[PDB]
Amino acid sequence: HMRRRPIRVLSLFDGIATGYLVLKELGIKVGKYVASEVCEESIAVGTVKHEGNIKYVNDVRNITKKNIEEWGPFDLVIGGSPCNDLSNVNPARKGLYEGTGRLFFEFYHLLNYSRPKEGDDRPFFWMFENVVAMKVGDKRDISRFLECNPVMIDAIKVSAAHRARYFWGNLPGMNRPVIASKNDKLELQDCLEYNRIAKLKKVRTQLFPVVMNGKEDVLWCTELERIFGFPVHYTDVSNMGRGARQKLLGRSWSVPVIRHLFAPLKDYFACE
């Protein structure tokens, strides 16, 4: 029997630090959070919104077997590799073995380095995420390398957006049913600013979802942030304009989904 200690995380393709935000708002103490990420606007959101508690290490293809020993041990390894080469939305997508799709094998590679060796029964948790709209042979091949089948969690149950994703991993209770919270904003109108009216009740991924003063309009950054369950102004960082912020949020994890998946980790690590 071992006393609770703060959690040590390795986040590949970390984006805007969703994994750290969910862990902190869950009250889990974070001893170490090594994020691997290359987008400078992305790094900036995480750097200031979490006050340099994240250790950025850049390109996932330059992380070495000895980097994983030095930085580790890790109690949790998470990743959601880029998707627009595995999505059937993309007509010009190159699949799991070309383009940015082969970045999955980097997560698979680093996972095994991160994994405890034989004789080490210490807890080790990991989760990998990608899009539901893949070729079935890609879904199979990812399941074969990770040695497990995915769970399908759609953010619609907990947010106001259609966001169906697969989650592979070994987190406690990934299969348990997803239950929405009182604070979740389930309908779009729950995310809109003053004097703005929602055309539909859930947004998908209409190009003008809102009507203001009897006239169409696009969503606002502050509104997108609420749709993805992020704090308002979470991406008001480093003079980023509209186009940058909505790109980061478009690549993002829906935070209530992650809150759902990471929530059992409270019973395994030191908490405030």
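Throughout, we count residues from 1 along the sequence that is shown.
Asker: Check the entry and tell me how many residues of the deposited sequence have no coordinates between residue 213 and residue 214: none, 1 to 3, 4 to 9, or 10 or more.
Answerer: Nothing is missing.
Asker: I need to verify one thing: averaged over C-alpha atoms only, is the B-factor higher for 242-250 or for 221-229?
Answerer: Between 221-229 and 242-250, it is 242-250 that shows the higher mean C-alpha B-factor.
Asker: Looking at the entry, does 77-85 or 144-152 show the higher mean C-alpha B-factor?
Answerer: Comparing 77-85 with 144-152, the higher mean C-alpha B-factor belongs to 77-85.
Asker: From 169, 72, 137, 172, can you pick the one with the highest C-alpha B factor in the entry?
Answerer: 137 has the highest C-alpha B-factor of those listed.
Asker: Compare the C-alpha B factor of residue 208 with those of the other modelled residues in its chain, then answer lowest, middle or highest third.
Answerer: Highest third - that is where residue 208 ends up once the chain's C-alpha B-factors are sorted.
Asker: Against its chain's modelled residues, does residue 111's Cα B factor rank lowest, middle or highest third?
Answerer: Its C-alpha B-factor, which the entry lists for residue 111, ranks in the lowest third among residues of this chain.
Asker: Using the B-factor values recorded in the entry, state whether the Cα atom of residue 188 falls in the lowest, middle or highest third among the modelled residues of its chain.
Answerer: Its C-alpha B-factor belongs to the middle third of this chain's values.
Asker: Among all modelled residues of this chain, ranked by Cα B factor, put residue 266 in the bottom, middle or top third, i.e. lowest, middle or highest.
Answerer: For residue 266, whose C-alpha B-factor we compare with every modelled residue in the chain, the answer is the lowest third.
Asker: In terms of the chain's CA B-factor thirds, is residue 5 lowest, middle or highest?
Answerer: For residue 5, whose C-alpha B-factor we compare with every modelled residue in the chain, the answer is the middle third.
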